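A.B. asks: One structure, pasted below without further comment.
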Amino acid sequence: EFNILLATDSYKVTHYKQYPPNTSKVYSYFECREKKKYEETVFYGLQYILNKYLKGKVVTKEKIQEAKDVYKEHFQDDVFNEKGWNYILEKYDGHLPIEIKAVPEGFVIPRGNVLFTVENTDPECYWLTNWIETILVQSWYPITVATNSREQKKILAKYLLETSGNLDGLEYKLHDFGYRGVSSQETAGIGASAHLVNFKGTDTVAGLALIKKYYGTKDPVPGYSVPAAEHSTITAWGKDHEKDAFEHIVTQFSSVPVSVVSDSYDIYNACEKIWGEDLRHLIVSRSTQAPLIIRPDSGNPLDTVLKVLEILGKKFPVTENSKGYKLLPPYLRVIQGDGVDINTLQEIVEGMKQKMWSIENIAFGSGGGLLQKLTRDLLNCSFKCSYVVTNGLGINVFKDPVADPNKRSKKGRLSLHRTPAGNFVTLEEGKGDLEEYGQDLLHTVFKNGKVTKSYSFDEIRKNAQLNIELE
Amino acid sequence: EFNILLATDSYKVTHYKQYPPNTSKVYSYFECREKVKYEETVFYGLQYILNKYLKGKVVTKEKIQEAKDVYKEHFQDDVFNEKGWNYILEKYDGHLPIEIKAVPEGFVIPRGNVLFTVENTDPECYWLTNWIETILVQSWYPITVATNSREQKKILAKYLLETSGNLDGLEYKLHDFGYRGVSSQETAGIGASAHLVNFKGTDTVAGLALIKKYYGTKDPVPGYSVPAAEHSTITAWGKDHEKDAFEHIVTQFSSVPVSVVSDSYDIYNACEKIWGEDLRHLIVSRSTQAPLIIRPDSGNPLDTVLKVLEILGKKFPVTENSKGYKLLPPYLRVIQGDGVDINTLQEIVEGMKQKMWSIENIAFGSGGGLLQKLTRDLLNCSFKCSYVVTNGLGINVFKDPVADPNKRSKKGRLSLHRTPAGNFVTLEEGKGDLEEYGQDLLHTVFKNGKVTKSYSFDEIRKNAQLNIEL
Ligand SMILES: O=C(NCc1ccc(S(=O)(=O)c2cccc(C(F)(F)F)c2)cc1)c1cnc2c(cnn2[C@@H]2O[C@H](COP(=O)(O)O)[C@@H](O)[C@H]2O)c1
Ligand SMILES: O=C(NCc1ccc(S(=O)(=O)c2cccc(C(F)(F)F)c2)cc1)c1cnc2c(cnn2[C@@H]2O[C@H](COP(=O)(O)O)[C@@H](O)[C@H]2O)c1
């Protein structure tokens, strides 16, 4: 079972002794700090953390004792604040006297803005605010996955629109392949749910249960997949029987979309000689609702996509669309699912456009590049204290290192507002109380053990929409 | 609750219809594929996965029904192998008819060797072997962290030994700061546990409980920490009261080691004026078992460290050790806990050596660099089918993409052996049975729902030791 008393950075155990005496309030905020591109971030993931780790009775007699025992050995000393945790147990039945205010989930906010704030609601628990910093800062992950996934949707939108005149099938152009490429089962579910804010194609099943449990959708499931082969299901037939493998598989899944990895021995021979000659008759007969999706899985991503397309282009009736780009027959498509990140995704669709191929032909699968190859410093996610009350007086606090202006933090009580031009502004020093900037966009989502405002996964998807999808 | 029927990549759900008819055996293996850095990998993490996810009754009527309903919507079709999973439930009480053989945890193994193998023990369950690829492949992570952590230890060991003549305090030179910088709670523990194979300093509490539950140590805890400050505990005193903050903190922890971040406003001012003049009397009076550890947290990592050392070197009695390198008084140390990855760690210790500062002076804290900035392709961790039986006939299978020789997989039944020079070799095509290379070094660690071999965290630590340590 999970223990909130053991879910923090070790040194935070010793912090209650280091704040100024007579400190009754510690007020902290979280932001994706601006750097001197990712100019806007999707806010997603907090509601999961709140429901799974912060709400309800999170303190017990056994959990306090368990932590006391651990820290005594961990520190070789009794620095653990048993008193403070026992106070919460007895006064509030184990509920955290904490208030958290957050921008609605799905919201797209420019860098350098307050996304959420945290503060204690009982003066005895001044220390509790930054106790849970560590657990709250982990929200950087689903935020970063949702943001990076969405930036990739922008690229796909731009090229699909230019080469086809519309955005049909956009939400199925970037599929989640990274279940095996993430660090854990929990990360897999969280990361998969963040990708599904923007797209509908996933193979990371874990994300489905997370969304159903913490967010919910009107639809039965938020994400989908279709039958496909792996190297083991092709190679098991032995080297000389790749054709038999292919034939058995496309026949097994004759009436649904099927993807078949074709690079086990020679991708270019498979497309030209097996798919384009030997088994061609099994391809041109397929429904538009059940195409064959050819999957290369090695070589330079751009070059392999181009060459495969040129091969299929010569073995199949290729048409040209209204925009002037080449289009494969409806029963035949390609998915590039190896070495795809936001950088290579751009290189590929750009290269395809150069060679007059429509982005309608291609879908992408992304594993590590989607769910693992991200860090907290990509969006500069940071949780800092901006305001404290000591001796009844509230002072605005902040850091401002001489050698790095970028690491400077915000002063005092904060609020997020719409500017007159429809953009976003974060007001500092409690200036939001002057009410010259309309209503705070930060809503109370957590207070005293209770989740006070929730959003469904449908609302989040609506909020995270692209402008081009709106227009 | 965890459901293994939902713990795989979607397309693997459709795979039982794709193998050649009358397949009775699927046999697969895991290696850190070959490619001048990361030539050897620490095998760590499988035992966690085995216990938490694979052992015992992992199949129930309820998990089967739940999986059935999810996949019907997820595929918009009925493709889920309800029959196969029901067979496992009824024939083995939910225990996986699987055998897994693996190298001992902690073992350091050169790239391109079989680390573990998996095969089904029941013909009916040919499809099971690669169902669990996804969960087993996630062992890449603890493997990679343990490896990258150990490679950094080799770097620290070289420079500590060179500048101080010994390896005292090596296992406390790289501290785990990665709790907030990882993707989840589970990942935090796994990653922190992996780091603790090589070092003893961690701030990721979650790693301790995991080790105790899945590995176990003779000692009460496998990792340690000391009190320290954060920007919030300094800045809360207000800009004009940084001196007061520092003084309160060092006095609160006057008999234990304490680290204080000094870069909130002006790192070089705090080292020269506050620590070096105003509060100097509270530092020189501290015990060797309770030093102040100054912590910069901004600027160029190498440049900041050098300037800080030169500032402290001029305000404090500096000595010269037996190797001729400068050394702070024993009550005063430094920790660099910002911007530390394996690359910058090397840049800092080497730059320090060039300025004649001992590595005794410094410790490193690493967050994202240690536990997050890693991927599966760093060691090329891969799981592939090498052997199948169809119609009673054994076939040595493999992939070999024309456009990438590096992705070529191994053929047939595998085994791991010592060479006559005492190095590792992986034998293919069942050639291990010829007995020309001695006995297979892999051990059956999992068979039919039961863990059959496991290793204490103490034995893993022993196995992962550096050569210079031995
Ligand atoms: O084909 C796969 N899954 C089925 C599949 C089939 C077709 C599509 S699609 O063409 O987008 C499509 C079409 C129609 C409808 C849908 C819809 F969605 F509507 F149903 C989706 C999408 C998924 C597949 C294929 N390969 C996969 C994985 C997961 N891991 N890997 C492998 O592991 C690596 C992980 O990547 P990395 O970490 O190295 O970067 C990848 O490269 C692969 O080798 C999944
Ligand atoms: O000071 C901290 N912890 C206490 C602490 C103090 C001193 C040491 S030590 O000097 O190694 C030492 C000395 C004696 C005994 C031990 C022993 F071990 F025996 F007890 C350890 C070891 C730990 C500390 C300080 N900062 C921390 C964290 C966790 N996260 N962060 C922040 O996270 C970022 C990580 O960077 P990034 O890579 O994610 O970008 C940093 O910038 C920090 O702001 C912990």
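Letters A, B, ... mark the chains of the structure tokens in the order given; residue numbers begin at 1 per chain; ligand numbers begin at 1, in order shown.
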Within 6 Å of ligand 1 (counting only C-alpha atoms and all ligand atoms), which residues show up? I'd like them as a ChimeraX atom specification.
C.D. replies: /A:172-173,175,177-178,181,201,224-228,257,259,293,335,337-339,363,366-369 /B:9,11
A.B. asks: Select the residues contacting ligand 2 at a distance of at most 7 Å, based on only C-alpha atoms and all ligand atoms, then format the selection as a PyMOL selection string.
C.D. replies: (chain A and resi 9-11+75+377) or (chain B and resi 172-175+177-181+200-203+224-230+257-259+293+297+334-335+337-340+363-369)
A.B. asks: Per DSSP on the backbone, filter range 17-143 of chain B down to the residues in alpha helix (DSSP H) and report them as a compact mmCIF listing (two decimals) with N, CA, C and O atoms, in the first residue's frame.
C.D. replies:
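Once everything was written out, this is result.txt:
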# COMPACT_ATOMS: atom_id res chain seq x y z
N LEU B 46 14.49 -7.86 -13.09
CA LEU B 46 13.55 -8.92 -13.46
C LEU B 46 12.82 -9.52 -12.24
O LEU B 46 11.62 -9.78 -12.29
N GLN B 47 13.55 -9.71 -11.15
CA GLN B 47 13.02 -10.33 -9.95
C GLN B 47 11.86 -9.52 -9.37
O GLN B 47 10.91 -10.07 -8.81
N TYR B 48 11.95 -8.20 -9.51
CA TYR B 48 10.85 -7.31 -9.18
C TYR B 48 9.61 -7.61 -10.03
O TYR B 48 8.52 -7.84 -9.50
N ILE B 49 9.80 -7.59 -11.34
CA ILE B 49 8.72 -7.88 -12.29
C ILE B 49 8.08 -9.25 -12.05
O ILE B 49 6.86 -9.37 -12.00
N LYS B 61 -11.58 -15.49 -13.38
CA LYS B 61 -12.77 -15.34 -14.22
C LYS B 61 -13.06 -13.87 -14.47
O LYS B 61 -13.42 -13.47 -15.58
N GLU B 62 -12.89 -13.07 -13.42
CA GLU B 62 -13.18 -11.64 -13.46
C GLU B 62 -12.20 -10.87 -14.35
O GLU B 62 -12.60 -9.96 -15.08
N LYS B 63 -10.93 -11.24 -14.29
CA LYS B 63 -9.93 -10.60 -15.14
C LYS B 63 -10.13 -10.97 -16.60
O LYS B 63 -9.92 -10.15 -17.49
N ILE B 64 -10.56 -12.20 -16.86
CA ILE B 64 -10.85 -12.63 -18.22
C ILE B 64 -12.04 -11.87 -18.78
O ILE B 64 -11.99 -11.37 -19.91
N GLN B 65 -13.10 -11.75 -17.99
CA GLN B 65 -14.30 -11.04 -18.43
C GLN B 65 -14.02 -9.55 -18.68
O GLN B 65 -14.47 -8.99 -19.68
N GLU B 66 -13.28 -8.93 -17.77
CA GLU B 66 -12.88 -7.53 -17.90
C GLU B 66 -12.07 -7.29 -19.17
O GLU B 66 -12.31 -6.33 -19.90
N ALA B 67 -11.11 -8.18 -19.42
CA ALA B 67 -10.28 -8.10 -20.62
C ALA B 67 -11.13 -8.26 -21.87
O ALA B 67 -10.94 -7.55 -22.85
N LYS B 68 -12.08 -9.20 -21.83
CA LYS B 68 -12.97 -9.45 -22.95
C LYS B 68 -13.76 -8.21 -23.34
O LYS B 68 -13.88 -7.87 -24.53
N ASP B 69 -14.30 -7.53 -22.33
CA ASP B 69 -15.14 -6.36 -22.55
C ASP B 69 -14.34 -5.16 -23.06
O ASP B 69 -14.82 -4.40 -23.89
N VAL B 70 -13.13 -5.00 -22.55
CA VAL B 70 -12.28 -3.89 -22.96
C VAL B 70 -11.87 -4.05 -24.42
O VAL B 70 -11.96 -3.10 -25.21
N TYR B 71 -11.44 -5.25 -24.78
CA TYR B 71 -10.93 -5.51 -26.12
C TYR B 71 -12.02 -5.45 -27.19
O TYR B 71 -11.77 -5.02 -28.32
N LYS B 72 -13.23 -5.88 -26.84
CA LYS B 72 -14.36 -5.77 -27.75
C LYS B 72 -14.57 -4.33 -28.21
O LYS B 72 -14.85 -4.08 -29.38
N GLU B 73 -14.42 -3.39 -27.29
CA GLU B 73 -14.56 -1.98 -27.64
C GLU B 73 -13.28 -1.44 -28.28
O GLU B 73 -13.33 -0.62 -29.19
N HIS B 74 -12.14 -1.91 -27.79
CA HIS B 74 -10.85 -1.38 -28.21
C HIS B 74 -10.53 -1.77 -29.65
O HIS B 74 -9.94 -0.98 -30.39
N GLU B 82 -10.32 -15.62 -25.50
CA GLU B 82 -10.92 -16.01 -24.23
C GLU B 82 -10.64 -17.46 -23.89
O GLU B 82 -10.43 -17.81 -22.73
N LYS B 83 -10.61 -18.31 -24.92
CA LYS B 83 -10.39 -19.74 -24.74
C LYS B 83 -9.03 -20.04 -24.12
O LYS B 83 -8.94 -20.79 -23.15
N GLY B 84 -7.98 -19.44 -24.68
CA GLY B 84 -6.63 -19.66 -24.22
C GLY B 84 -6.41 -19.29 -22.76
O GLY B 84 -5.74 -20.02 -22.03
N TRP B 85 -6.98 -18.17 -22.34
CA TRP B 85 -6.83 -17.71 -20.96
C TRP B 85 -7.67 -18.54 -20.00
O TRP B 85 -7.28 -18.75 -18.85
N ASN B 86 -8.81 -19.02 -20.48
CA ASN B 86 -9.65 -19.92 -19.70
C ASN B 86 -8.96 -21.26 -19.46
O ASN B 86 -9.12 -21.87 -18.40
N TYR B 87 -8.20 -21.71 -20.45
CA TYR B 87 -7.42 -22.94 -20.32
C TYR B 87 -6.40 -22.81 -19.19
O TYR B 87 -6.23 -23.72 -18.39
N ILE B 88 -5.72 -21.66 -19.12
CA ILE B 88 -4.73 -21.41 -18.07
C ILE B 88 -5.39 -21.37 -16.69
O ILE B 88 -4.87 -21.93 -15.73
N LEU B 89 -6.54 -20.71 -16.61
CA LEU B 89 -7.31 -20.66 -15.37
C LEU B 89 -7.73 -22.05 -14.88
O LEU B 89 -7.58 -22.37 -13.70
N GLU B 90 -8.25 -22.87 -15.78
CA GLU B 90 -8.81 -24.16 -15.39
C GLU B 90 -7.74 -25.24 -15.22
O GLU B 90 -7.87 -26.12 -14.36
N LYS B 91 -6.69 -25.18 -16.03
CA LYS B 91 -5.67 -26.21 -16.03
C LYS B 91 -4.55 -25.96 -15.00
O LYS B 91 -3.92 -26.91 -14.54
N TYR B 92 -4.31 -24.70 -14.65
CA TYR B 92 -3.20 -24.37 -13.75
C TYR B 92 -3.58 -23.39 -12.64
O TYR B 92 -2.70 -22.83 -11.99
N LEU B 128 1.68 -17.59 -25.30
CA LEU B 128 1.89 -16.93 -24.02
C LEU B 128 3.26 -16.27 -23.92
O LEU B 128 3.39 -15.18 -23.37
N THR B 129 4.27 -16.94 -24.48
CA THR B 129 5.66 -16.49 -24.44
C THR B 129 5.84 -15.03 -24.84
O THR B 129 6.52 -14.26 -24.16
N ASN B 130 5.22 -14.63 -25.95
CA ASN B 130 5.34 -13.26 -26.41
C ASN B 130 4.22 -12.32 -25.95
O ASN B 130 4.28 -11.11 -26.19
N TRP B 131 3.21 -12.86 -25.28
CA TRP B 131 2.22 -12.02 -24.62
C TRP B 131 2.91 -11.17 -23.56
O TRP B 131 2.64 -9.98 -23.43
N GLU B 133 6.02 -10.31 -23.38
CA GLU B 133 7.18 -9.55 -23.83
C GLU B 133 7.16 -8.15 -23.24
O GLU B 133 8.16 -7.67 -22.71
N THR B 134 6.01 -7.49 -23.32
CA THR B 134 5.90 -6.09 -22.95
C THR B 134 6.27 -5.83 -21.49
O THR B 134 7.02 -4.90 -21.20
N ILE B 135 5.75 -6.66 -20.59
CA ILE B 135 6.08 -6.51 -19.17
C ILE B 135 7.54 -6.84 -18.86
O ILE B 135 8.16 -6.20 -18.02
N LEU B 136 8.10 -7.84 -19.55
CA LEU B 136 9.49 -8.23 -19.34
C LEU B 136 10.46 -7.23 -19.96
O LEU B 136 11.53 -6.99 -19.41
N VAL B 137 10.10 -6.66 -21.10
CA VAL B 137 10.95 -5.67 -21.77
C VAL B 137 11.16 -4.42 -20.91
O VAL B 137 12.17 -3.73 -21.04
N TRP B 140 14.26 -3.22 -19.09
CA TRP B 140 15.29 -2.38 -19.70
C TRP B 140 15.66 -1.24 -18.75
O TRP B 140 16.82 -0.84 -18.66
N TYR B 141 14.65 -0.72 -18.05
CA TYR B 141 14.82 0.48 -17.25
C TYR B 141 15.75 0.25 -16.06
O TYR B 141 16.78 0.91 -15.97
N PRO B 142 15.41 -0.69 -15.15
CA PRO B 142 16.35 -0.90 -14.05
C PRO B 142 17.73 -1.34 -14.53
O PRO B 142 18.73 -0.96 -13.93
N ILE B 143 17.78 -2.10 -15.62
CA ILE B 143 19.05 -2.47 -16.23
C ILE B 143 19.85 -1.24 -16.65
O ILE B 143 21.05 -1.15 -16.39
A.B. asks: Excluding residue 341 in chain A and residues on its chain fewer than 5 positions from it, collect all residues at most 12 Å away from it, counting only C-alpha atoms, and give them as a ChimeraX atom specification.
C.D. replies: /A:145,148-149,151-153,155,174-178,301,336,346-348,364-374
A.B. asks: Excluding same-chain residues fewer than 5 positions from residue 146 in chain B, what lies within 9 Å of it counting only C-alpha atoms, as a PyMOL selection string?
C.D. replies: chain B and resi 41-44+106+141+151+191+193-198+464
A.B. asks: Residue 265 in chain B: which residues within 8 Å, counting only C-alpha atoms, same-chain residues fewer than 3 positions away excluded, as a ChimeraX atom specification?
C.D. replies: /A:399-402 /B:239,262
A.B. asks: With a distance cut-off of 10 Å and only C-alpha atoms, select the neighbouring residues of residue 452 in chain A, excluding the residue or stretch itself and same-chain residues fewer than 5 positions from it, and output the selection as a list in words.
C.D. replies: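 So the residues in contact are residues 99, 100, 101, 443, 444, 445, 446 and 447 of chain A.
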A.B. asks: Given the selection you just returned, output its residues as a file containing N, CA and C atoms, formatted as a PDB file, in the first residue's frame.
C.D. replies:
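Dumped everything to selection_2.pdb:
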ATOM      1  N   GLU A  99      -5.075  23.333   0.275  1.00  0.00           N
ATOM      2  CA  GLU A  99      -5.907  23.811  -0.819  1.00  0.00           C
ATOM      3  C   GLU A  99      -5.062  23.909  -2.082  1.00  0.00           C
ATOM      4  N   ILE A 100      -5.589  23.360  -3.171  1.00  0.00           N
ATOM      5  CA  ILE A 100      -4.916  23.409  -4.453  1.00  0.00           C
ATOM      6  C   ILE A 100      -5.857  24.061  -5.460  1.00  0.00           C
ATOM      7  N   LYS A 101      -5.364  25.072  -6.164  1.00  0.00           N
ATOM      8  CA  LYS A 101      -6.146  25.714  -7.204  1.00  0.00           C
ATOM      9  C   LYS A 101      -5.437  25.506  -8.527  1.00  0.00           C
ATOM     10  N   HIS A 443      -9.107  27.374 -10.546  1.00  0.00           N
ATOM     11  CA  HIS A 443     -10.241  26.897  -9.758  1.00  0.00           C
ATOM     12  C   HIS A 443      -9.780  26.001  -8.616  1.00  0.00           C
ATOM     13  N   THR A 444     -10.485  26.048  -7.490  1.00  0.00           N
ATOM     14  CA  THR A 444     -10.174  25.158  -6.377  1.00  0.00           C
ATOM     15  C   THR A 444     -10.523  23.717  -6.741  1.00  0.00           C
ATOM     16  N   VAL A 445      -9.503  22.877  -6.879  1.00  0.00           N
ATOM     17  CA  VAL A 445      -9.707  21.486  -7.270  1.00  0.00           C
ATOM     18  C   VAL A 445      -9.509  20.514  -6.107  1.00  0.00           C
ATOM     19  N   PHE A 446      -8.839  20.985  -5.055  1.00  0.00           N
ATOM     20  CA  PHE A 446      -8.581  20.187  -3.858  1.00  0.00           C
ATOM     21  C   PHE A 446      -8.617  21.067  -2.610  1.00  0.00           C
ATOM     22  N   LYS A 447      -9.345  20.621  -1.592  1.00  0.00           N
ATOM     23  CA  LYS A 447      -9.358  21.318  -0.318  1.00  0.00           C
ATOM     24  C   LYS A 447      -9.666  20.363   0.826  1.00  0.00           C
TER      25      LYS A 447
END
